[PDB]
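Structure record follows, encoded as structure tokens.
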Ligand SMILES: *[C@@H]1O[C@H](CO)[C@@H](O[C@@H]2O[C@H](CO)[C@@H](O)[C@H](O)[C@H]2NC(C)=O)[C@H](O)[C@H]1NC(C)=O
Ligand SMILES: *[C@@H]1O[C@H](CO)[C@@H](O)[C@H](O)[C@H]1NC(C)=O
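Chains as they are written, first to last, in the authors' numbering: chain C, 729 to 777; chain B, 584 to 623.
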């Protein structure tokens with residue numbers, strides 16, 4: 729009926745606590761948030777389901 | 584020998600009844616013990 733709600737921080741998974749690699753990721757920008765919306769969208773529908 | 588435990592992080596989720604109704608809010612720090620809050 730459901731599967732485990734996983735939440736991922738893409739800004740952290742790509743690199744943990746490096747401000748540097750984070751400052752570079754801002755040049756791609758939107759892709760991090762686009763996945764956060766998606767993983768929220770999977771996670772919320774486990775309650776619905 | 585030392586065990587390294589990378590520092591406590593987690594989701595910040597904010598709770599709001601009616602922002603329209605009120606400007607008060609409450610917070611959830613997802614997956615972190617309370618010890619790590621008055622400490623932090
Ligand atoms: C939050 O962490 C504290 C430790 O900082 C936990 O308290 C420990 O609980 C065990 C089991 O009763 C005791 O043996 C220890 O003496 C406690 N430590 C201290 C410093 O009091 C507490 O259980 C944790 N809470 C949650 C919800 O995980
Ligand atoms: C919420 O907005 C409506 C207008 O659409 C207003 O009538 C209502 O009083 C507002 N709620 C609160 C708690 O003020």
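In this text, a Cβ means the ideal position worked out from N, Cα and C, and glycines have one as well.
Can you tell which of B:598, B:593 and B:601 has the C-alpha that lies nearest to the C-alpha of residue 745 of chain C?
-> The alpha carbon of residue 745 of chain C has as its nearest neighbour, out of B:598, B:593 and B:601, the alpha carbon of B:593.
Hey, residue 615 of chain B and residue 591 of chain B are a contact pair by Cβ (cut 8 angstroms); roughly how many whole angstroms apart?
-> Contact check for residue 615 of chain B and residue 591 of chain B: beta-carbon distance about 6 angstroms, within the 8 angstroms limit, so the pair qualifies.
Compute the Euclidean distance between the alpha carbons of residue 598 of chain B and residue 771 of chain C, then round it to the nearest angstrom.
-> Taking the straight line from one Cα to the other gives about 17 angstroms.
Tell me where the alpha helix (DSSP H) around residue 584 of chain B begins and ends.
-> First-last for residue 584 of chain B: undefined, no H or E at that position.
For ligand 2, is there a heavy atom less than 7 angstroms away from the beta-carbon of residue 603 of chain B?
-> Result yes, Cβ under 7 angstroms from ligand 2.
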